[PDB]
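Per chain, numbering begins at 1; letters A, B, ... match sequence-line order. First listed ligand is number 1; within each ligand, the first listed atom is number 1.
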Amino acid sequence: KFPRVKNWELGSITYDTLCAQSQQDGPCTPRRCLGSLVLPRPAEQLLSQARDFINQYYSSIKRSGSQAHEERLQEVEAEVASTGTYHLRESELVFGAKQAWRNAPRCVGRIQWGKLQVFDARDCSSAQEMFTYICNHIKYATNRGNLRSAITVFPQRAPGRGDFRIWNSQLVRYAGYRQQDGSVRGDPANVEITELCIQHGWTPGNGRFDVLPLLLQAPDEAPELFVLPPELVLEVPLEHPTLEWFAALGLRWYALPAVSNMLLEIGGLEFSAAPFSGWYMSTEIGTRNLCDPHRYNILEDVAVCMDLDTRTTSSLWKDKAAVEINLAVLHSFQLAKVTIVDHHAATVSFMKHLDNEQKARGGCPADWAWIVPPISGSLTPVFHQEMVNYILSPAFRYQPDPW
Amino acid sequence: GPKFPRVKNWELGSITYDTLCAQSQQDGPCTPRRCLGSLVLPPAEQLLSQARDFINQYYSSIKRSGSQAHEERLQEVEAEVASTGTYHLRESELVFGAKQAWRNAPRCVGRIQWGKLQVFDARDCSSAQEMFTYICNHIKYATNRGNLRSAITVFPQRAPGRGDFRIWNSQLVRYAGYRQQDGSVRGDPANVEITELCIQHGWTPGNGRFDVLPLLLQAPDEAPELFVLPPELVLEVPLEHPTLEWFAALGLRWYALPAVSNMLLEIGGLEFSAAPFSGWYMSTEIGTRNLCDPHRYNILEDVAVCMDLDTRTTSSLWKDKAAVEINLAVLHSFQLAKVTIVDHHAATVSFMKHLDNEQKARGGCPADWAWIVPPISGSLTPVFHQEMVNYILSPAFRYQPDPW
Ligand code: HEM
Ligand code: HEM
Ligand SMILES: CNCCN(C)c1cc(F)cc(CCc2cc(C)cc(N)n2)c1
Ligand SMILES: CNCCN(C)c1cc(F)cc(CCc2cc(C)cc(N)n2)c1
Ligand SMILES: CNCCN(C)c1cc(F)cc(CCc2cc(C)cc(N)n2)c1
Ligand SMILES: C[C@H](O)[C@H](O)[C@H]1CNc2nc(N)[nH]c(=O)c2N1
Ligand SMILES: C[C@H](O)[C@H](O)[C@H]1CNc2nc(N)[nH]c(=O)c2N1
Ligand SMILES: [Zn+2]
């Protein structure tokens, strides 16, 4: 049996047959659905994931079952048989990274999946070197406001030894300073990484938008501190197209969303440092990062400037302030010529992606709770679209924090 | 930690474990290999175990579990089943079961109110005309001149070898949907089919955007029959906006009483195929889904044009700004008309209080995140940041096939 998938706005029906290729088990059983949880709770098998991945690569280039195809499967068998592991060709790595993005059920930006610059950094042997590669990535990805998707791939995990790791969850993060009295100055999401930085010797500031240094770690070594050169870190002050006092709030955000704590798995190999970046969807900044209660939490302050009736929920002051904040983000990014996409444009392009994927592959793994944006859900088309969530490889996965 | 689902609140950092899911006898649509949580829709000795189960639940609820009364009720149930193949619920069993079915409904955000539910027994009903008197009575009590009270009326259970009692309409109040020559719809496109059924059974149609439909009511093994609700029983609220003076000119309105009439109520294996129940609205149901879905009244562009927004580019957020104002108009006009309504901020806050009560009372609460989170301003409400475990418990409200 294959899932019947319905869109309730159009009345149309598809069948997901792609999920039959699912590698791994998710959190759900017939007795209870755990879909809304954010986090999850040797050689024969590395070999089979390797074979499987190599079969996909050769299929992708239509040279499947050919000479090169069997010689490569032989290489993999011969390398695993004597070292217990193997290595990807650079073009196999490029294919894997793009497929890992393609497969990410929670990503709304997947229409872009084929366009991704891949920097091979597997020849790194120190924290210093990683920092070199990280500066290259940021300078490349930012491209003065004209953002380009990219991923840098540091050396794979190895049975012996500790992992290459970037300790920060993103390459650009604002410090969060826990005050005497429990309040937080800056981004509350970053209190622990901020504390790690200081303790590994960083001199802190006391702003709300102090860009953190990076903690980079080469195997079985103490991590090292590196400051990003400020001219590499593009930022957009926030203002509103009609509310003149908004700029006064002194709010801002960085251009480049570069996730750096996830693990990339391709054909059994695991890449524990492989930072990747695209461009922001404006609700991530306008709704979540600035309005979440446990993040910068600015709703009430804006509502008061707007001079709204804060005393009651039913004046919808929250809803109103949130819309002006998102509009400020969009306006400000467009003004500064920095790539951003609104939640309506993004979800329309994601619907076109579902359709492309339906033809290309027979389905598309999608996580409905993550795909529908955090404001105006049912005003976007994805809300009315049933989706099927499941795990395909290559994949991005969570991994434990290295400390 | 323990061997049950760990549940996290990401805003507050707190953790619970759901042990209630262990009580689930019925499976849902998910498996280890894929999640189907976002899909809208996924006996003999068999009756006996559902019955025995429900009777145990009843005796626990009255703290008389294991008692001689408890064991005599079980034998009473097996006696009756054994000789007729079915059995009857005591009155208090039916009240308990109705409340528990609402308590159990994973998609309902209003469950903080579950113990406060007025249950009309109409298990004696025996004609379509009589079902109509009960329904009028329900609408009268439940509306209460604007001060809405939750209620369910329960009609006779399925019975082996006799047809069912059915209310054909999906709600007791529904606006007509008239299919046009040009292929569009006047009124509510959700009601096209029921509207066409009503006409085919002899209703003379209107041609307004808000024509109240008649009810089609079917007694056992009979063609359904048509009943027009007297207009003074159907309370309606004209929509205006607190500051946008022109909003009233749009002539939009909504009824006071949300009453669902097509779900099956299942209690200890018995099936109440007609058991309409009503509460009060949460404002986003009307202001966001009913008035702004593309496939419903679809008014967002009309309202944004009147507000003079730039509807030619997504990035002006015209949709979000118009939806906010339509929601504000629904809240303001209900308040003004003194008709009970609840906004999505108050409703979700209260539902978090419900989760905390149920966590202490039963060790968890089955809940369907995609339906509990409201269709605007999702992450500005606390439910967005609450993980939720979804499973089926009984007594239950269930979907059932349409009778035609
Ligand atoms: C091109 C512009 C892109 C946009 C607008 C975009 C949008 C998003 C958004 C909004 C999320 C949810 C983020 C959150 O709520 O925390 C997300 C998740 C994700 N995206 Fe993207 N994305 C883009 C590019 C990329 C790229 C280049 C990759 C990797 C090569 C990627 C992989 C992911 C993954 C793995 C997730 C899931 C994160 C998790 O499980 O926590 N995306 N995307
Ligand atoms: C008292 C005020 C109540 C409020 C505010 C309320 C709120 C809601 C909302 C917003 C929904 C989701 C509707 C949708 O978008 O389709 C819903 C679903 C539901 N509520 Fe309520 N509810 C209330 C009372 C009741 C009562 C009195 C019952 C039954 C005794 C009930 C049983 C249900 C059920 C069974 C569902 C979902 C069934 C489904 O669509 O699959 N609720 N509730
Ligand atoms: C709190 N969520 C988990 C943190 N995390 C590991 C994360 C992962 C992502 F893929 C994406 C994001 C959001 C950042 C992002 C990343 C990318 C590549 C594009 C984009 N528009 N936004 C966070
Ligand atoms: C409100 N509905 C009835 C209350 N109730 C559970 C009950 C009533 C009886 F008269 C007798 C019994 C005992 C079982 C039994 C036995 C027989 C022969 C018939 C019948 N209707 N019921 C239960
Ligand atoms: C896909 N399902 C839509 C139709 N349907 C069967 C339905 C069922 C409900 F319980 C509730 C609703 C929503 C109406 C409602 C019903 C009640 C009792 C209270 C309230 N605020 N709102 C619809
Ligand atoms: C508990 C809940 O699943 C959690 O808050 C999720 C919901 N959906 C989300 N969707 C996106 N895009 N990002 C998120 O962080 C979350 N958070
Ligand atoms: C496809 C998707 O599951 C469907 O549109 C759901 C989503 N969430 C919902 N939530 C509520 N309260 N009501 C609904 O009708 C829906 N529809
Ligand atoms: Zn599931």
Side-chain angles (χ1 to χ4, degrees), chain A residues 5-9 34-39 100-101 104-110 112 116 141 147 149-151 168-173 189 254-263 275-285 287-289 292 294-295 339-341 343 346 366-374 377-378 380-388 396-399 401, chain B residues 7-11 36-42 106-110 190 282 284-285 288-290 293 295-296 344 347 367-375 378-379 381-389:
Chain A
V5 188
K6 178 166 173 171
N7 177 294
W8 293 85
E9 167 196 354
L34 260 37
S36 77
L37 301 237
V38 170
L39 264 21
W101 182 15
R106 298 177 165 169
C107 185
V108 67
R110 288 179 286 165
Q112 285 296 154
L116 169 72
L147 279 36
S149 304
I151 188 177
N168 311 61
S169 65
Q170 291 188 32
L171 306 175
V172 188
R173 294 268 73 194
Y254 50 88
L256 189 68
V259 165
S260 51
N261 64 181
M262 284 194 87
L263 183 152
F276 61 84
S277 53
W279 55 79
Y280 265 118
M281 174 161 79
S282 58
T283 45
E284 288 171 78
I285 306 169
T287 309
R288 307 299 316 281
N289 294 350
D292 274 357
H294 53 300
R295 296 295 297 291
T339 308
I340 196 145
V341 63
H343 54 291
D367 183 338
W368 184 101
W370 277 64
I371 296 302
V372 170
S378 67
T380 63
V382 283
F383 177 100
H384 304 276
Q385 180 63 65
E386 291 174 357
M387 305 173 185
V388 180
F396 294 101
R397 286 198 284 100
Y398 292 117
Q399 54 191 330
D401 301 299
Chain B
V7 190
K8 188 164 167 178
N9 188 284
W10 287 82
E11 167 189 351
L36 263 19
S38 76
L39 297 257
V40 167
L41 197 29
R107 294 169 159 179
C108 175
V109 72
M282 166 172 78
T284 65
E285 297 174 79
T288 308
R289 307 300 319 280
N290 303 349
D293 279 3
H295 54 297
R296 291 301 290 291
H344 48 296
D368 184 334
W369 190 91
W371 280 70
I372 298 291
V373 174
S379 78
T381 71
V383 291
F384 182 101
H385 311 273
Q386 182 57 56
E387 302 175 345
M388 293 177 198
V389 181

*Give, for atom CZ of A:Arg288 and atom NE2 of B:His385, the distance between the pair rounded to the nearest 0.5 Å.*
5.5 Å

*Of the choices A:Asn289, A:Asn261, A:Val259, which has the non-hydrogen atom that lies closest to atom 16 (C) of ligand 3?*
A:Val259

*What protein heavy atom sits nearest atom 17 (C) of ligand 3, and how far away is it?*
A:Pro257 O, 3.9 Å

_Taking 4.0 angstrom as the limit and counting only heavy atoms of B:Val40, give me the atoms of ligand 7 inside it, by number and element._
4 (C)

*Report yes if the side chains of A:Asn168 and A:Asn261 come closer than 4.5 Å at any heavy-atom pair, otherwise no.*
no

*Looking only at protein heavy atoms, identify the closest one to atom 2 (C) of ligand 7 and say how far it is in Å.*
A:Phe383 O, 3.3 Å

_Protein heavy atom at shortest distance from atom 11 (C) of ligand 7_ = B:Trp371 CE3, 3.3 Å

*CZ-OG1 distance between A:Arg295 and A:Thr287, expressed to the nearest 0.5 angstrom*: 12.0 Å

_What's the separation between atom NE2 in B:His344 and atom CE in B:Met282, rounded to the nearest 0.5 Å?_
8.5 Å

*Region of B:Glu387 that comes within reach of ligand 6 [heavy atoms, distance under 4.0 Å]*: both

*Proximal atoms of ligand 3 relative to A:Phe276 (non-hydrogen, under 4.0 Å)*: 10 (F), 18 (C)

*asked:* With a 4.0 Å cut-off on heavy atoms, is A:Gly278 in contact with ligand 3?
replied: yes

*Provide the number and element of each atom of ligand 7 under 4.0 Å from a heavy atom of A:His384.*
1 (C), 5 (O)

*Where on A:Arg288 is there a heavy atom closer than 4.0 Å to ligand 6, on the side chain, on the backbone, on both, or on neither?*
side chain

_Between A:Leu34 and B:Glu387, is there a side-chain heavy-atom distance shorter than 4.5 Å?_
no

*Distance, nearest 0.5 Å, that separates OH of A:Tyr280 from CG of A:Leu256*: 8.5 Å

*What part of A:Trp279 sits under 4.0 Å from ligand 3 if we count only heavy atoms: the side chain, the backbone, both or neither?*
backbone

*Around atom 7 (C) of ligand 7, find the nearest protein heavy atom and jot down its residue, atom name and distance.*
A:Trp368 CZ2, 3.6 Å

*asked:* Checking contacts here: is it the side chain or the backbone of A:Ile371 that comes within 4.0 Å of ligand 6, counting heavy atoms only? Could be both or neither.
replied: neither

_Close side-chain approach of B:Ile372 to B:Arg107, heavy-atom, < 4.5 Å_ = no

_Shortest protein contact, atom 8 (N) of ligand 7 (heavy atom only)_ = B:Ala370 O, 3.0 Å

*Would you check whether A:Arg106 reaches within less than 4.0 Å of ligand 6, judged by its heavy atoms?*
no

_As an exercise, identify every atom of ligand 6 less than 4.0 angstrom from a heavy atom of A:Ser36._
1 (C), 2 (C), 3 (O)

*With the side chain counted from C-beta on, respond yes when A:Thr380 and A:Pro373 share a heavy-atom pair under 4.5 Å apart, and no when they do not.*
yes

*Is the B:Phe384 to B:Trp10 ring centre distance short of 6.0 Å?*
no

_Measuring centre to centre across the rings, with the benzene-like ring taken for any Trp, is A:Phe396 within less than 6.0 Å of A:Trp101?_
no

*Could you find the nearest protein heavy atom to atom 2 (N) of ligand 3 and give me its residue, atom name and distance?*
A:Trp370 CH2, 3.7 Å

*asked:* Counting only heavy atoms closer than 4.0 Å, does ligand 3 sit against the backbone of A:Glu284, its side chain, both, or neither?
replied: side chain

*Numbering the atoms of ligand 6 from 1, which are under 4.0 Å from a heavy atom of B:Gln386?*
1 (C)

*Would you say the side chain of A:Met262 lies within less than 4.5 Å of the side chain of A:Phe276, judging by non-hydrogen atoms?*
yes

_For a 4.5 angstrom cut-off between non-hydrogen side-chain atoms, does A:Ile340 reach A:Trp279?_
no

